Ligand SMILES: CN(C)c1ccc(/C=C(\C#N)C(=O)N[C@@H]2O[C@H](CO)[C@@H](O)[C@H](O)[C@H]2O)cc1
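There is one chain below, alone, in structure tokens, taken in the form solved without this ligand.
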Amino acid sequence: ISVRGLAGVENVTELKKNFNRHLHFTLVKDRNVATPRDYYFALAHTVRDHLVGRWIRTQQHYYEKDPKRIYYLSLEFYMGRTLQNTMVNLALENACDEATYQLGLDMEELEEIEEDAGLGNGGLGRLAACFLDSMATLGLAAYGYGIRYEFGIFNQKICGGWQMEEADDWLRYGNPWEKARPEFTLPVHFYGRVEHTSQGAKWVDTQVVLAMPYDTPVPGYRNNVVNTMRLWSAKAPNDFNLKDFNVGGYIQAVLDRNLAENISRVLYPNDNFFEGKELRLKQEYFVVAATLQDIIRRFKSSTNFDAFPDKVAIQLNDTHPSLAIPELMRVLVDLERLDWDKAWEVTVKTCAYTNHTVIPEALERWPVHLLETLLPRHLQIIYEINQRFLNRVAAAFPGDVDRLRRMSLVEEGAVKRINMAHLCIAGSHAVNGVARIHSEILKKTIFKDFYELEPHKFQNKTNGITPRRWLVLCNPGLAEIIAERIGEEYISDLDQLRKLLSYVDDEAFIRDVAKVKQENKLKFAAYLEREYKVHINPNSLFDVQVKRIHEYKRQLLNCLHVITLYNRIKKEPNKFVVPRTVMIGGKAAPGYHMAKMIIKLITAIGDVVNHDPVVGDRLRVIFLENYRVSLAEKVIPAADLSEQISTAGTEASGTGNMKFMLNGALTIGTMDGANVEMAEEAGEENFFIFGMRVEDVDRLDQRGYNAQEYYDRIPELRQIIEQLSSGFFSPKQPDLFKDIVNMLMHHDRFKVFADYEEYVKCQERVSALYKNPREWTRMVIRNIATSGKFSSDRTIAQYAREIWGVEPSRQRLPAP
């Protein structure tokens, strides 16, 4: 078997008896009534047993050495399953495989029983998860802090071509990886009012909610380091949530506890979109308030807070945890009694902010009346922060009255609001973009005024992905052939993949790389019929676009191409075309009407195309249901063509693109986000770039975008639009897609037509190359061998050195 570790004689024996121990004592089952679910749990507990020893010494280590601690605050941690990832990082995979085999079980079958920890929406949440893995692997004293939602991202179901949402009860059968820590339970305050006394302000008459922490282990790759992800759960106190007497009902008071506990009930399913709901704000203050108390308690142990920034670094994943700035001030000033200026100095030096998008509708602008009611003291602090900041601006740009209102954290208008992004820049010593282009756009556009005031704050940290889960775990076959030639060191040193460049003309390697891709495609094609049922051709080109459904991601542009391919086949049926299986997957936020309309269009196209006999097996349109982390681990290694076609300037970075490049897929996309640095790394000749550049989009906006023009000059595009309008794709409901057509023609913010011609032309070139297996594979080797830069180990090493001020280390912790 592969390099999934050694199957030692002693360790396979030990594993088996512990598997049985747990099956008996933990699951209280006996082989004759054990269900596959019991077997999965016995294995999970047996594997978990192996890292508790290390988890304890790692945490004890940090206490003795007392290094600077990194706190990663995010309202999202898109973890996925954790059994395999743990076996991988512990080098237990083969041993476990062997042991379960001897017990007469199929490890892979058991792995599929684990539920995904879908506590994220998409890119932002998966980044945090990749980051955690890298911070552990780089030996950093880091903690991931978040919310333990009992309901993660909803499970997607397609009914009659429409998306149906359903509760993700991932904790239903229990979570063997987490461990409640009811000793560090903390109180969080809401509402109340502010009393201004003789020696300071006081936050009074507040409603209390308890925050109970649950720790989940985060093992580093083969270095015996296990860090911690602490997730908070909301709990109602037993007193006031019953003790506030004078009629109401005792039963009612108890049932009403599910009101304070609703704070950690569900994740908001919005990807790159802001919904100003009170419940959201409560979740945001909740994770911040609890986390800070825990951070300060740890520090008090390790009261001059001058050294606080020297021992603490808190990273803000977007503006979601932005209340950490005025909350740190509140504690330091109101509770610790530090003077404002000393408190502010400490706050700025420990906080750092990460921006993830430039679209306006994703920007967090909280109505003042909301903050005023829920967090009265924080609003006072934000006004004071704003006051002192604007004074800094006025002093720097005398008379620039327009700049003053532009930079204010407080936005005037219909209803006053607080611009959380402005708050973050002001109270952080570093603000970074997630890709070189996005970072530049921040300085030139969105945060130009802030950049002019404090240029030193703005940085860039291109995103990355973990090679462990995103290669070794999901593509062992590819990882193995690579290791056969260059060794195993690249797993934690992805740059070494360049060495593969010298095998680009190797006849054996070219044959292998192509073989694993073929095996991956056959396995996925099988999985497709197994769990979803309705055949696909594994000899075709696997054209896949998987990511959340958005207008800026242009799944619609992908659709126009698919209809074009179909129309050309119908025109010249007996003409040869490279067979394609185009797979589009992703979830739409429940309230996003357009995004839900697009899913219906995709399935509608498949209904026509997949049953047309003239088309045969040359073209299949498949919608990948319930796209999530575990599903991504299956499609990506099987993809040939990765679709990264967002309008230039809208996708901050993207990370799925990097996942595909590492797994042997060629990329067709625009010069957007990280796509630019990928092409720049692999060479533009090894990339399928097309469409407008940022500059072209701006030029078009200056003159004005008119979709009619494109409709008028391109007969193929016109034909498609008239097909949708006449009900060609929706016979029973001819006007079903009027909203899409109407939008495309009159309010397309992402100029889909503007990139249509260059897109189908470019698609022609990829089909041409696919016709030449040898050259296609050689170009694939050029992408893989050049993907090393996109490992989160590189991203983290940069955050560590340029923002946190800590030195990464690949030193093995002193055994378990």
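One-based numbering along the sequence shown.
Below: the form deposited with this ligand bound, not depicted.
Contact annotation: of the candidates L619, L124, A352, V312, the single residue with a non-hydrogen atom within 4.5 angstroms of this ligand in the entry with it bound is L124.
Think of it this way: in the entry with it bound, this ligand has a heavy atom of just one of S428, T655, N89, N558 within 4.5 Å, and the residue is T655.
Stretch 647 to 655 is the contacting one of 603 to 611, 324 to 332, 647 to 655, 714 to 722, since its residues have non-hydrogen atoms within 4.5 Å of this ligand in the entry with it bound.
Each of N270, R280 and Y552 is positioned with at least one heavy atom within 4.5 Å of this ligand in the entry with it bound.
Mapping the unseen interface onto this chain, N463 counts among the residues with a heavy atom inside 4.5 Å of this ligand in the entry with it bound. Mapping the unseen interface onto this chain, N224 falls outside it, with no heavy atom inside 4.5 Å of this ligand in the entry with it bound. Contact check for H320: a non-hydrogen atom falls within 4.5 Å of this ligand in the entry with it bound.
Using a 4.5 angstroms threshold between heavy atoms, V434 counts as touching this ligand in the entry with it bound. Residues from 558 to 582 do not approach this ligand in the entry with it bound: none has a non-hydrogen atom within 4.5 Å of it.
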